[PDB]
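There are 2 protein chains.
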Amino acid sequence: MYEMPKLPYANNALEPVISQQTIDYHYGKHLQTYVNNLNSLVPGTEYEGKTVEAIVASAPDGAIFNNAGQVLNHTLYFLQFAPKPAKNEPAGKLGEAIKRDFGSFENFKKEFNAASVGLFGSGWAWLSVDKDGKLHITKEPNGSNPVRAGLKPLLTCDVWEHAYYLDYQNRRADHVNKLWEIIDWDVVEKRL
Amino acid sequence: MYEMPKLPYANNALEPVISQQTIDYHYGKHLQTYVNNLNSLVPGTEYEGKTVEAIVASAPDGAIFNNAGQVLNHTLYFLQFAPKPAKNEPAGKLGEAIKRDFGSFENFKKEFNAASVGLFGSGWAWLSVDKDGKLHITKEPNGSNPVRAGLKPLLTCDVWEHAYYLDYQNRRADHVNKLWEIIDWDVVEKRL
Ligand SMILES: [Fe+3]
Ligand SMILES: [Fe+3]
Numbered sequence: 001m002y003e004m005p006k007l008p009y010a011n012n013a014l015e016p017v018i019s020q021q022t023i024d025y026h027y028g029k030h031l032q033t034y035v036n037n038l039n040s041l042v043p044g045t046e047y048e049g050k051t052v053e054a055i056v057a058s059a060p061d062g063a064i065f066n067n068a069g070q071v072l073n074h075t076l077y078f079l080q081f082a083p084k085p086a087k088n089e090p091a092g093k094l095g096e097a098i099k100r101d102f103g104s105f106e107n108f109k110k111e112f113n114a115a116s117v118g119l120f121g122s123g124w125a126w127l128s129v130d131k132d133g134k135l136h137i138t139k140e141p142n143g144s145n146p147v148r149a150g151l152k153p154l155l156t157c158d159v160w161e162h163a164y165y166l167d168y169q170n171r172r173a174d175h176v177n178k179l180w181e182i183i184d185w186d187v188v189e190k191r192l
Numbered sequence: 001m002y003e004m005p006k007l008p009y010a011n012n013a014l015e016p017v018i019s020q021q022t023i024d025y026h027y028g029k030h031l032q033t034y035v036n037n038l039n040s041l042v043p044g045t046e047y048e049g050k051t052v053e054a055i056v057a058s059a060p061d062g063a064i065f066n067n068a069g070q071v072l073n074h075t076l077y078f079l080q081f082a083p084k085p086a087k088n089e090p091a092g093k094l095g096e097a098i099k100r101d102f103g104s105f106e107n108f109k110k111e112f113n114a115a116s117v118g119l120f121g122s123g124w125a126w127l128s129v130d131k132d133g134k135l136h137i138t139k140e141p142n143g144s145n146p147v148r149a150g151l152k153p154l155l156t157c158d159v160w161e162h163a164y165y166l167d168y169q170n171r172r173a174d175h176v177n178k179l180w181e182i183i184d185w186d187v188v189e190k191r192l
């Protein structure tokens, strides 16, 4: 049975980047529904007893994939943030890979922002690493996650409107720009 | 040169089904941006001088299509509502076609609701008529519109979260159920 992941911060701790209200709905309602849906859809199927990751890696398009992908996406999303990150940029191997693959962190930010803002409709902008250690930015529609393509997901921006509408309404770009301030690079680095 | 369509009611007139705030953002920002984007993108292309409808019917996937589809979708959407419709259900030819194709109005509502609630991500539930006079319910992802497929669009529900999030947050089904009270069947009938 799939369980709600625990937030490593209080509901109001990401203010003013993300409001308490947004967390209450985004985590407390949307993620809860996705978890509930996955627990309802799986019993008696080949997916019963599989991890979220394994479902995302295996399932074809459909409700199971949609819900598993959203569980995985939101889990990594919420757990990649911290109220007051020590570092506002990655170091070590991740830092070097970003310099190698994007020229610099600042250029990476620019490309990540553009992917986030340019994704039409609902989805996720993802930074991932492939099996040869190369980084990629992808636009995952709807509930998709880079695990399906055999990539290892490192950092994401949720550009479903529910992620920002109560705080930014239509101003997605403004929301995206603020997210950099709450990324917990220690968490992200450990995903490499 | 693409113009904002005129709302046939005041911004606050659909309360409490849709709030003034929602109309101010949905019409006054989102639709405005789509129209602005058409005015930015179309002049100087093969689409210059064409109607929105013709662009939706002809353009491939991409930003022009996305914007045109959204302009058409929102135009029909906003103009299909009235604060106090004359009737709560369609009459005449449309009334009969609905009975023919869905068994009854009530069953049509049920199937329309299910398409609306079941569309994952951003999109539009559409009732349309084909060239032989037969009705169809489709789920159009993102900016898509039935005109692309050669159908004539009659009635839609916008299930992009921006359409309802300020008023219903995650409770899409509740929003969908309330819309029926403000459908201006006189407008919809004349689209047949
Ligand atoms: Fe989300
Ligand atoms: Fe909309």
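So the sequence lines, in the order shown, correspond to chains B and A.
Note that the deposited numbering numbers the first sequence so that position 62 is 62, with each residue one more than the last.
Note that the deposited numbering numbers the second sequence so that position 2 is 2, with each residue one more than the last.
Backbone N, C-alpha and C define an ideal beta-carbon position, used for all residues, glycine too.
Would you check if the distance between the CB atom of residue i and the CB atom of residue j is smaller than 7 Å?
{"i": "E161/A", "j": "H162/B", "result": "yes"}
{"i": "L41/A", "j": "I18/A", "result": "no"}
{"i": "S122/A", "j": "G121/B", "result": "yes"}
{"i": "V147/B", "j": "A54/B", "result": "no"}
{"i": "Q20/A", "j": "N12/A", "result": "yes"}
{"i": "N37/A", "j": "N73/A", "result": "no"}
{"i": "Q70/A", "j": "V188/A", "result": "no"}
{"i": "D101/A", "j": "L135/A", "result": "yes"}
{"i": "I137/A", "j": "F105/A", "result": "no"}
{"i": "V35/B", "j": "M4/B", "result": "yes"}
{"i": "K29/A", "j": "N170/B", "result": "yes"}
{"i": "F108/B", "j": "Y27/B", "result": "no"}
{"i": "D158/B", "j": "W124/B", "result": "yes"}
{"i": "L94/B", "j": "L179/B", "result": "no"}
{"i": "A173/A", "j": "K139/A", "result": "no"}
{"i": "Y164/B", "j": "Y165/A", "result": "no"}
Just curious, the beta strand (DSSP E) that residue i is in, first and last residue?
{"i": "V17/A", "result": "No beta strand (DSSP E) holds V17/A; DSSP gives it neither H nor E."}
{"i": "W126/A", "result": "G123 to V129"}
{"i": "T156/B", "result": "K152 to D158"}
How far does the alpha helix (DSSP H) with residue i in it reach, from first residue to last?
{"i": "residue 202/B", "result": "The shown model of chain B, from 1 to 192, leaves out residue 202/B, and the question about it has no answer."}
{"i": "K93/B", "result": "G92 to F102"}
{"i": "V176/A", "result": "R172 to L179"}
{"i": "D167/B", "result": "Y165 to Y168"}
{"i": "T138/B", "result": "From DSSP, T138/B is part of no alpha helix (DSSP H) but of the beta strand (DSSP E) over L135 to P141."}
{"i": "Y34/B", "result": "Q32 to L41"}
{"i": "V187/A", "result": "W185 to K190"}
{"i": "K110/A", "result": "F105 to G118"}
{"i": "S58/A", "result": "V52 to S58"}
Would you please state the rounded distance, in angstroms, between the beta carbons of residue i and residue j? I believe it to be under 8 Å.
{"i": "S128/A", "j": "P153/A", "result": "5 Å"}
{"i": "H175/A", "j": "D167/A", "result": "7 Å"}
{"i": "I182/A", "j": "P85/A", "result": "7 Å"}
{"i": "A82/A", "j": "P141/A", "result": "Incorrect: roughly 28 Å between the Cβ atoms, too far for contact."}
{"i": "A97/A", "j": "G49/A", "result": "Rounded, the Cβ-Cβ distance is 34 Å, inconsistent with contact."}
Hey, which residues come within less than 6 Å of ligand 1, measuring from Cβ to any heavy atom, in chain order? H26/B, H30/B, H74/B, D158/B, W160/B, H162/B and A163/B
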